[PDB]
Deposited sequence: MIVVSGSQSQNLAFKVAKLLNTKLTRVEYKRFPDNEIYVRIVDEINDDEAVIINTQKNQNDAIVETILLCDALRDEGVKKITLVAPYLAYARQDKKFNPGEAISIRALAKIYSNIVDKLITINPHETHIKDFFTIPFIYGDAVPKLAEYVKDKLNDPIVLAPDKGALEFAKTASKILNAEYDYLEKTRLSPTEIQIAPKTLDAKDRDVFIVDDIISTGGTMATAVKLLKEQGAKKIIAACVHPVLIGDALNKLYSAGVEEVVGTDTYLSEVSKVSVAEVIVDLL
């Protein structure tokens, strides 16, 4: 297998290819004057199985660039193309939340199904979206790498899921830290934050309103050191400043989405799925 760097995951692709003990296939990427995307496989591709690693922070650009990379790889032989999209755009469009809406991830699933043979992503908004794929849909989990990152800096804490739906993440981290978990329902459904360190984990932190709320509250409940983590740190606008004011000790996310707090890497999570 050869590893192809997408434009948006050049360092993750490198880390992955390093773990796989492979040389990174040089791939040229540029924008024409009008801004159109240009991809070209510089190195020679003997192997006929390629792995494309390109996250989708810039949703549309990533989608079109992937469509073009596939065309260039097929045209170079490669019988099997595996697409690694750490952050998969449009996954929040599970269903028709209103009449006339378009189920985005479904439409794109159809396209991915005709251009790549396998799709691997990290912590999708919803795993049921696999039903839309006529190809293998793999999803790894980074919560554990997050749990490990903070296990070092939290004195016997309690894991908390901002909302009941994030409970699974809380539990997972809970296991790796040997702590107790629970979720907010506003106050924790069971446990009490009084005088304890807290580790709040969720899959995404977008505007930061969900966490800001949990953080502010937990502090008012007498919690001590609090660290907020998430797989995809979208952190829009002043999200970070929002959490920092709320009192968090630190905010930490992975490199599935570039942010000022993408301290944890999913490189290994990806390698084990290949």
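Take the full deposited sequence, match it to the modelled residues, and report the stretches without C-alphas.
Unobserved in coordinates, per deposited numbering: 186 to 195, one stretch.
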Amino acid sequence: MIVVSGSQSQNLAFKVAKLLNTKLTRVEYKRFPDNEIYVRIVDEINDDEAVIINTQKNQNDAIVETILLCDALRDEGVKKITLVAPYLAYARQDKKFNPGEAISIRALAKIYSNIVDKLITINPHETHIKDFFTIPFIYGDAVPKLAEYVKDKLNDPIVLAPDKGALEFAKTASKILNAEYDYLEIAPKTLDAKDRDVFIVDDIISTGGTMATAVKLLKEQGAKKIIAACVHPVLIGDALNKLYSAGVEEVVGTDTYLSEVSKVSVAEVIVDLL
From here on, numbers count along this sequence of modelled residues.
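Return whichever of 254 to 262 and 13 to 21 has the greater mean Cα B factor according to the PDB record.
Mean C-alpha B-factor is greater for 13 to 21.
As stated in the PDB record, which stretch has the larger average Cα B-factor, 176 to 184 or 144 to 152?
So the stretch with the higher mean C-alpha B-factor is 176 to 184.
Among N46, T66, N35, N241, which residue carries the highest C-alpha B-factor recorded in the PDB entry?
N46 has the highest C-alpha B-factor of those listed.
Between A89, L191, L83, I122, let me know which has the highest C-alpha B-factor in the entry?
The record points to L191.
Would the CA B-factor of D61 place it in the lowest, middle or highest third of its chain?
Bottom third by C-alpha B-factor.
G222's Cα B-factor: lowest, middle or highest third of the chain?
Highest third, going by the recorded CA B-factors of the chain.
Taking only the Cα B-factors deposited for this chain, tell me whether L167 sits in the lowest, middle or highest third.
Its C-alpha B-factor, which the entry lists for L167, ranks in the highest third among residues of this chain.
For the chain shown, is the CA B-factor of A267 in the lowest, middle or highest third of its modelled residues?
Lowest third.
Divide the modelled residues of the chain into thirds by Cα B-factor and specify which third, lowest, middle or highest, holds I105.
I105: CA B-factor falls in the lowest third of its chain.
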